[PDB]
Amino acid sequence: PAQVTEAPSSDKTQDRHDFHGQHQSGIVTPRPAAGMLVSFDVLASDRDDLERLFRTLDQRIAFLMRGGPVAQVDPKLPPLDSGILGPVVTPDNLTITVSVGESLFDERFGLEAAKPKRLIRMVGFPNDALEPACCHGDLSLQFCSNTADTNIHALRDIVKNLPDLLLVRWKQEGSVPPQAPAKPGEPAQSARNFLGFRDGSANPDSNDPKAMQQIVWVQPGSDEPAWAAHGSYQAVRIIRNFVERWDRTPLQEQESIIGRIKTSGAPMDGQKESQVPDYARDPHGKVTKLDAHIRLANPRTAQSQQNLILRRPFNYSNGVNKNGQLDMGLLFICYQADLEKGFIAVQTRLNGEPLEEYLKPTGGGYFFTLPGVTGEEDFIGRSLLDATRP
């Protein structure tokens, strides 16, 4: 039998994803079990310092996502790697996604003229209780992998190799519950959040490139800057869950507020999770309440298909509040080709929803995910630099 401190066995340690591609990974990539979002301040003095930060991030993310033996150096020097994952780094399904904030487009690096048209500093919503220390940032990194230790090891590599260029503003890790393999012929399910409901059922088809080019990815023919093609707006919201009050809530109230059955994830007029409700035949809200979460987030009209988003959240759990209740909730992360048409328009409709009785957004921010690195001569943010050079 294994000794107490012997490491747990994993067969997913060589899971991997391409770093290069037209898009950055970690958006349409299948979401792994561990997630982490770190927001930084860019300490770069000029554009050359920003270029060094970009090319360094490109080199570090490429190796971290590929894995391999870490070179050994003179013992008088610090180790090249933290060693959390051993002498040979394992990918372990890791993806690191880079996004730039609105504050980066100030007078510091001359990028003000090429800012994405809908990239703004996040403004608080009526139900928000935002903490300024956990809001905004020059740059955001999204770490997703099979384990939090792979994520934390990836964070340690970034901060070690960029000590004078990156200052960590705020961070929030999270996870989703894995499930047993689906039996043949039975459709798989979305992961459940800390409210007990399946999260992401009505997400657009990530296998439909036309749908992704319509909802998620900035297209070159749009009114956005030319460099921003194949990027995406990233919205982050740390939303608290008042789980004790929610667990005391009757089941029928839970389902009538969200708009879906808890067990099956089905719509109020359907039977399976993959089904969508028919609002036109229910104009008064007898089946699905007019203030349901999914009904408010998606009226499913023709005028609302421009407000669809790709949600990619995690469930977070921190300490315990002094009042006695647990600080846990949803690490909300969603992507959209248009931030104003996407998250901003949807959250506006959700304002005042009966779900707000159990929600409390306390932080997050808006960022624009840079386009993907296409080849060995491209790097993270090169298109942004070249489009703004005098």
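Quick note: we count residues from 1 along the sequence shown, nothing fancier.
If you average the C-alpha B-factors over 22-30 and over 319-327, the higher value belongs to 319-327. In this entry, 219-227 shows the higher mean Cα temperature factor of the pair 219-227 and 246-254. Across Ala148, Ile84, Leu111, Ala292, the greatest Cα temperature factor reported in the deposited entry is at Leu111. In this structure the maximum Cα B-factor among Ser99, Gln214, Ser274, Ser304 is found at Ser304.
Ranked by C-alpha B-factor against the other modelled residues of its chain, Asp199 falls in the lowest third.
Among the modelled residues of its chain, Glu377 has a C-alpha B-factor that falls in the highest third, as given in the PDB entry. Ranked by C-alpha B-factor against the other modelled residues of its chain, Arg311 falls in the lowest third. Annotation for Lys210: C-alpha temperature factor in the middle third relative to the rest of the modelled chain, per the entry.
Among the modelled residues of its chain, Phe63 has a C-alpha B-factor that falls in the middle third according to the deposited record.
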